Every structure is written in structure tokens, then in C-alpha cells.
Amino acid sequence: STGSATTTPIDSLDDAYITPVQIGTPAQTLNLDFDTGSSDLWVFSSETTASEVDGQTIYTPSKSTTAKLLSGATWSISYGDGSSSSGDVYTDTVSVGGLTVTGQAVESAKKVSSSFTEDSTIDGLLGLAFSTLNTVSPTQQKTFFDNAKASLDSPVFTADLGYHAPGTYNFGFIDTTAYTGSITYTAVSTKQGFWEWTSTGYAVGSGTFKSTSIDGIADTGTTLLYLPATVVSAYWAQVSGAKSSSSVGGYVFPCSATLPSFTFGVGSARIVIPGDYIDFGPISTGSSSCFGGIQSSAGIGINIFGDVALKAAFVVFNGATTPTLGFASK
């Protein structure tokens, strides 16, 4: 089997991407944030504290003839930005772009933090990291991909995120028309539950490539590119007037600037992030200070190849017995 679904930016800055997902019988379609940096499929629901729902579409398990309470199971998750959610668990039928999993754990939110409430466009998350990170207790649950894998034509999914435009998540096949040149594969460590890999270095603009190992995670659920302070400083030093602002919480730059590209290595291959991908616009409405899309990972404890990096590539998440990651230009 295979599946294919379009993923769409939630706003003009590509702050996140949403993908429609069918849950239950009859189908209830919710727009979920596909997140290769976590492993829970959770949704706003009829159980979510009413004051914490503001415009989201909810899953109502009592209206699904295939929903079953997973007795005794609860979940609770916190993300890298300090947001969180928790609740109980149902199993139900879940379909993505024509690919159907029966008995998928659908984690129903009883509580969500303010960042989720305030984002009317995201109805929940669909985790695509390794199932070892799933938070359901006392019986850990499998991700949608893990459940689908054995049925797929090939045990893979691909992320093809657009810059200020829709893109695609495919399950079970590699669309050879969706990228240019060849796909370069690179080793993955699953030890921390992430799609963790080692980039071979970087360049800033038309500058020379610096060969240096950068361990990090491929994380579609993180907006920006978080890299070591040395790398980030080298980037922003090429932008007149750019500075790190403690009050704003990262590097900012004059909105009048033309940003240089940023290249990262995948083995001997190179992915080029155009400068415009690194512009996240005014820090506040009407400001001439703009927020940078490349930020320091210092104090995160891990480097993160988030959407800024991933959207410059066609990315293969290969879930074979020994997982790997593939990157192609597009």
C-alpha cells in the first residue's frame, strides 16, 4: 500500500505545516502537524477543556463506530518550545492520503497549553519519530508509520515541504519526479528516539565549505534551523546589522537586508537553503527588525534540522531494519 497527502503552511511565514487526516467512522477530518521529532498522535477532542479550545476542529470518539477506549491509558507530552498536552487514549481507524491503519492509538487531549489553544489552524500532532518516544502509559503505543510499515510497498515515508507553498508527505514510495539529481543517504542513530544524523559541514553564501561534523535531528515539527553557536555566528556575521537579541530571544536582522544562502552537507552532497527561507519577518507587527531562521542550539542540547532546512530538500525517512535518512535537492 501507499499514501500521499498534501501538506500546507499554516501562515505566511511557514511557521508549521498541516496535513489532513481522516479519523474514525464516518471519517472526521482533522488537520494535523506531522512531526518527525515526536511520536504521539494526539488531537483536540470533545474531551478537551472547553476554555482551551479556540477554533480547532475536534475529534468526537462517541460519533465514531470504530472508536474504542484504550482502558487505563493516559498520555502527557512536553515539547521543546515549552508547550504541552495530555489526556486519555482511544484506538480508531486513521487514514492519511489513502493509506489506512486500523487500531491506531489516537490520543485525545483533555488539556492543552496556551500555545496550542492560540493556534486555531492545528488540530493536533501526528508523530513520526521512533515509537520508543511515545508517551502512552502504561502500555506504550506505536506511531502511524510504525503501524503502517509492514503493509507499505517500501518501509519509507518522504517529506517534501514547500517554501511559502504546499508540499507533500508520501508513505510507502519514493516519487522520483519530486527531486533533482540523486538522493544521498546517511546513517541514523535511533538511540534517542529521533531521526538523528550527522551533517558533514556547512557554507555561508558563496563562501568555502567548512568540513565539520554536526550531529542533529531531522524534525519537521520544529520551524527553524538550530545549529551550534559557532556556525550561527559565522552566518549572521555576513548580514550587516544582524545581532543576537536576548530580549527578542535570538538573532535578528534589519528587514532591509538581503540574506545569504546557507549550505549544509549530507555526505559528499550539498543542500542549499536560499536566503529568503531564513527570513521570518518583523519581530512584531510594523517593526523593521526581522527574526532569523537560523538560531543557536546552545542550551537546547541538540542541533535541529527543522523546516527551514528540510524544506530546501526532498527528504526520505527510511524505516528499514537499519533506518537511514536521504536528502535530495529539488
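Residues numbered from 1 in each chain as written, not as in the entry; some residues may be left out. Heavy atoms only, no water. Residues with missing side-chain atoms left out of burial classes, pairs and counts.

The name that the PDB entry assigns to the chain is endothiapepsin, with the source organism given as Cryphonectria parasitica. This entry's official PDB title is "Automated refinement of diffraction data obtained from an endothiapepsin crystal treated with fragment 5". For the chain, the Sequence similarities comment in UniProt is given as "Belongs to the peptidase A1 family." (UniProt positions renumbered as here; feature names shortened; annotations may be inferred.)

Novice: Quick one: what's the story with the UniProt feature "active site" in the chain, residue by residue and with numbers?
Specialist: Mapped onto the present numbering, the UniProt feature "active site" falls on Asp-35 and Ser-199. For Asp-35, the position within the fold is in strand β3 (residues 28-35). Aside from chain neighbours lying at most four places away, what touches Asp-35 is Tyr-79, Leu-125, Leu-126, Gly-127, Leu-128, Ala-129, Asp-219, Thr-220 and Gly-221. Its place among the elements puts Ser-199 in strand β12 (residues 196-204). Owing to a relative accessible area of 1%, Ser-199 belongs among the buried residues under this scheme. (Helix = DSSP H or I, 4+ residues; strand = E, 2+ residues; numbered from the N terminus. Contact = heavy atoms within 4.5 Å. Buried < 20%, exposed > 50% of the residue type's maximum accessible area, 1.4 Å probe, protein only.)

Novice: Which residues make up the pairing of strand β20 (residues 289-292), and what are the values?
Specialist: Judged from the three bridges that link them, strand β16 (residues 250-254) and β20 form a sheet pairing that is antiparallel. Looking at the pairing, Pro-254 lines up with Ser-289 of β20. Here strand β19 (residues 279-282) runs beside β20; their pairing, made up of two bridges, is antiparallel. Across the sheet, the residue bridging to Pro-282 is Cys-290, located in β20. (Pairing = 2+ DSSP bridges.)

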